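Here you get one chain, nothing else, as structure tokens; it is the form deposited in one PDB entry.
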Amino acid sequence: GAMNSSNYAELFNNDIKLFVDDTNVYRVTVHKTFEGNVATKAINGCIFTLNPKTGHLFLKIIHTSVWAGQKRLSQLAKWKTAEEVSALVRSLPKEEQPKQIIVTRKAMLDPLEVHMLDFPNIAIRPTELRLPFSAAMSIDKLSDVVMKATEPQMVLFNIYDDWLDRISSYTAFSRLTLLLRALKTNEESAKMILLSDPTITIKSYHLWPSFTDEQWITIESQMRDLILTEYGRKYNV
């Protein structure tokens, strides 16, 4: 059934699973035409497929060419997501294939179930959690590879950097969701927090800066405040 607050910790057991988020697959800018009508221009997108135990991120870049000549693009985008997740699973050796796939939006269940009929043993699950994976395009290096892509492309990342050498996957996921929740609620503030100290750099093979344990605590606290703050600014509390 559904992944929620009660069974949260199943994400960190030893059964391979993936989260799939499709919120950045189909992306458009809305503009005015010369005649004063409105039209969309698509820009490159990405499927966010994450193993929460290992941090392994399979970033499938959705190039705008996949939309050419197609209709009902918001609906196509869910089936294209499912088509690409299915292809990923097929490409993996049997012992690396997920035992469960958790979609962050219920509208993905039928497209993915259908594309995964060949895998009756892989459970397709929704979730009641409001996870901040839409903010993945606020991570500079991920947005950069998406926007620079001239063809379909799969890029592999560890979204936890090296954190698992020092903390558990539960704690790494909590850190990531806090970072992404902050970037979603106020990207400018959030990014200011992360990069204000020029002496803390991002390694070439990392996504986030090389904070010490003590500096992550400060960072993490500053991200909480931001989220609480914006909650007041937003609600007047």
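Superpose the two forms; the largest set of C-alphas matching within 1.5 Å is the rigid core. Each residue number is its position in the shown sequence, starting from 1.
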Worksheet item: What stretch has the higher average Cα B-factor here, 47-55 or 186-194?
Response: 186-194
Item to complete: Give the stretch, out of 20-28 and 210-218, with the larger mean C-alpha temperature factor in the deposited entry.
Response: 210-218
Practice prompt. Using the temperature factors in the entry, find which of 165, 118, 161, 83 has the highest value at its Cα atom.
Written response: 118
Fill in: Third of the chain, ranked by Cα B-factor, where residue 104 sits
lowest
Worksheet entry | residue 38 - Cα temperature factor, lowest/middle/highest third of chain | highest
Discussion item. For the chain shown, is the CA B-factor of residue 130 in the lowest, middle or highest third of its modelled residues?
Written reply: highest
Worksheet entry | Ranked C-alpha temperature factor of residue 75 among modelled chain residues, by third | lowest
Worksheet item: If you rank the chain by CA B-factor, which third does residue 97 end up in: lowest, middle or highest?
Response: lowest
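A second form of this protein, the form solved in complex with a partner chain, is not displayed here; the remarks below concern that form.
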Practice prompt. Identify whether its partner chain in the deposited bound form is within 4.5 Å of every residue in the set 140, 188 and 191, based on non-hydrogen atoms.
Written response: yes
Fill in: Partner proximity in the deposited bound form: residue 195 to its partner chain, non-hydrogen atom cutoff 4.5 Å
yes
Worksheet item: Looking at the partner-bound form in the deposited bound form, is residue 205 within 4.5 Å of its partner chain by any heavy atom?
Response: no
Worksheet item: Picking from 168-176, 60-68, 195-203, 208-216, which part of the chain touches its partner chain in the deposited bound form when contact means heavy atoms within 4.5 Å?
Response: 195-203
Worksheet item: Which is the one residue in 29, 199, 212, 33 whose C-alpha moves 2 Å or more between the shown form and the other one, relative to the superposed rigid core?
Response: 33
